[PDB]
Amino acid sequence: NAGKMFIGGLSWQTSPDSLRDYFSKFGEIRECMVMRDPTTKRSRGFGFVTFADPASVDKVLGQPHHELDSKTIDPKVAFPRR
């Protein structure tokens, strides 16, 4: 549904509060989660954000660069299928 985004490339050290704190700069956030890639303890992880205002997604995508915990992260519109 609306307002949801899937984010790739998170540092292995990025916490959910680091993910929430960065993305709060484009709007209020309903739900936020980080999932580690366990192939290594030093592997890039994945993030999920659910914005309160679905216009927040637009604000995110209008940036050319996104950086978090010194890694370039890759926010995408989420396309879930249960």
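Start at 1 with the first residue shown and count on from there.
Placement of the Cα temperature factor of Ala55 within the chain: highest third of the modelled residues, per the deposited record. Per-chain ranking of the deposited C-alpha B factor places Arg82 in the highest third. Per-chain ranking of the deposited C-alpha B factor places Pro38 in the highest third.
Among the modelled residues of its chain, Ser24 has a C-alpha B-factor that falls in the highest third according to the deposited record.
The entry lists a Cα temperature factor for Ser15 that places it in the lowest third of the chain's modelled residues.
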